[PDB]
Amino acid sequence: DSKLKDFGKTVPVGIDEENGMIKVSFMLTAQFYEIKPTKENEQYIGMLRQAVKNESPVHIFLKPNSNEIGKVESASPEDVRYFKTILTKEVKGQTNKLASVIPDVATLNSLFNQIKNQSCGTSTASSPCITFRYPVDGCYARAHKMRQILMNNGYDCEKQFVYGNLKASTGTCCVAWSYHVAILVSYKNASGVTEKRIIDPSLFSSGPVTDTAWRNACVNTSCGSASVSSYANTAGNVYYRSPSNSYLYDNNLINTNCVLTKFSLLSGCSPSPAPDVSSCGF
């Protein structure tokens, strides 16, 4: 209805009960949404539970200015068909050939610098800049844009998706996430042995870090309760991976650039929830 905020259609991917609240996660967005387990909400909650089970879409209405779900409606058959097409079990490899392994640490560091130079809030960056300074949401777009920079240099990489009750701190404020993603880059060390590091300037400004260290930064207990439930490594071209191992792609960065543009001026841990990006297509 008009009193509720239309979030649009999405596929819920997780549901749990924490502190008398039902916490729901959705595809692509890293934000949690909540719904109170009241008698009035029992059917909405059931619709969500079944949709999580089956990875099927629903239509979400939010209480205004909040992450609280006020209503859940069924998705159309056109919706079901549409979501099955974009959130797929069809695996599509990267078409143009690139080197999957960076030749040395010096080149890894060069790549890190090129990526960090594209941060929103730096004079070196070109539009759309990468919105590292806005950790609330958009990890998926930041990671895909980071990958593009590697590809501009003739390299590909992996993604690592980590999932759970995640919390991270900028040093001055906290965000909560249902998942996070960054690029996982393979490079040859001094002895020619392949090692991997995450690059993620939204969490580590200094340089590439181990994935172990990066996942730890996603469970920052100074922010509240946090834990990891899973992680998965994927091909770099995967834009988003669901907890059911379905893939979403963004091969022309249509979605990536749209999201980065939408968040371009945002910084810190507000606004939360992040602005609507449902209009960004693929």
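For every residue, the number given is its place in the sequence shown, counted from 1.
According to the PDB record, 12 to 20 carries the higher mean C-alpha B-factor of the two stretches 264 to 272 and 12 to 20. Between the stretches 226 to 234 and 65 to 73, it is 65 to 73 that shows the larger average CA temperature factor. Comparing the C-alpha B-factors of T212, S205, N96, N117 in the entry, the top value falls on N96.
You'll see in the entry that, of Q160, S123, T88, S178, the Cα B factor peaks at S123. Among the modelled residues of the chain, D79 sits in the highest third by CA temperature factor in this PDB entry. The deposited CA B-factor of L108 belongs to the middle third of values across its chain. Sort the chain's modelled residues by C-alpha temperature factor and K92 lands in the highest third, per the entry. Ranked by Cα temperature factor within the chain, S186 sits in the middle third according to the deposited record. In the deposited entry, the Cα temperature factor of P135 sits in the middle third of values across the chain's modelled residues.
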